[PDB]
Amino acid sequence: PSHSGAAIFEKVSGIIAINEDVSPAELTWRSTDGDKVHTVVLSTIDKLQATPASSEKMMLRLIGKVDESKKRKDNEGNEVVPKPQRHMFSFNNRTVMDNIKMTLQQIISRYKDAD
Amino acid sequence: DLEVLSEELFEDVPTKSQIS
């Protein structure tokens, strides 16, 4: 249960199921209808974002390490600076997110704790 | 279901270590 919970990915409603049996762990949002799924590497996840407790809003997200270290042009003085990739998931229950947001973090802390 | 969310009140959860 703790390693699973449904969420919204890109306006679609699917299921977010965490895999703590890996290393680094992994998140997997699969559509409810089975149209598509998004996998997440809690390790690659630059950080974990989730709606605050004071906010009835039930949503969890995982940021991704970006390559902003470059931040340069192409030739016409333009601007590239690769944008960051974060996985946003909207939960329809603070209980799911509460059970999920804890899971991810429960593992994450192990990456630093193990760092 | 046209628009009833809020991506402005989002916060970051506590995570050990800070390599920001």
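Residues numbered from 1 in each chain as written, not as in the entry; some residues may be left out. Chains lettered and ligands numbered in written order. Heavy atoms only, no water.

1. Quick notes on the interface of chain A and chain B
Reports of interface size often rely on the accessible area that becomes lost once the parts have come together.
Part 1: Across the contact, 18 residues belong to chain A and 13 residues belong to chain B.
Part 2: Buried area between chain A and chain B, summed over both chains or domains, comes out near 1,300 Å², and the portion from carbon and sulfur atoms is 65%.
Part 3: At the boundary of chain A with chain B, the tally comes to zero salt bridges.
Part 4: Remark: the boundary between chain A and chain B carries two residue pairs in polar contact.
Part 5: Elements with a minimum of two residues in the side of chain A that touches chain B: β5 (45-50), β6 (59-64), β7 (85-90) and α1 (94-114) of chain A.
Part 6: Across the side of chain A that touches chain B, the residue classes break down as six nonpolar, six polar and six charged. (Contact = heavy atoms within 4.5 Å. Buried area = accessible area lost by both parts, 1.4 Å probe. Salt bridge = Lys/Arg side-chain N within 4 Å of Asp/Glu carboxyl O. Polar contact = N/O pair within 3.5 Å; in protein donor to acceptor, adjacent residues only side chain to side chain. Helix = DSSP H or I, 4+ residues; strand = E, 2+ residues; numbered from the N terminus. Nonpolar A, V, L, I, M, F, W, Y, C, P; charged D, E, K, R; others polar.)

2. Here we look at the packing of aromatic side chains
Part 1: Tallying each qualifying case throughout the model produces two aromatic pairs over all chains.
Part 2: Measuring from ring centre to ring centre gives 5.4 Å for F9 of chain A and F89 of chain A, while their planes differ by 65 degrees; the resulting arrangement is edge-to-face. Of this pair, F9 of chain A sits in strand β1 (residues 4-9) while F89 of chain A sits in strand β7, placing them 80 residues apart in sequence.
Part 3: Residue classification places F9 of chain A among the buried residues on the basis of a relative accessible area of 9%.
Part 4: The positively charged end of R61 of chain A is found above the aromatic ring belonging to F10 of chain B, 5.3 Å away from the centroid. (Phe/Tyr/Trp six-rings, centres within 6.5 Å; stacked < 30°, edge-to-face > 60°. Buried < 20%, exposed > 50% of the residue type's maximum accessible area, 1.4 Å probe, protein only. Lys NZ or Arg CZ within 6 Å of the ring centre and 35° of its normal.)

3. Comments concerning the side chain of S55 of chain A
Part 1: Summarising the element assignment, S55 of chain A is placed in the loop between β5 and β6.
Part 2: What makes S55 of chain A buried here is its relative accessible area of 12%.

4. Let's talk about unusual backbone geometry
Residue and element names in this part refer to chain A.
Part 1: Backbone torsion omega between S23 and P24 reads 0 degrees, so that peptide bond is classified as cis.
Part 2: Positive phi values are uncommon outside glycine, yet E10 reaches one of about 70 degrees.
Part 3: Its location among the elements puts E10 in the loop between β1 and β2 (12-17).
Part 4: We classify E10 as exposed; its relative accessible area is 58%.
Part 5: With a phi angle near 45 degrees, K71 is a residue other than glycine that sits in the positive phi range.
Part 6: Among the secondary structure elements, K71 is positioned in the loop between β6 and β7.

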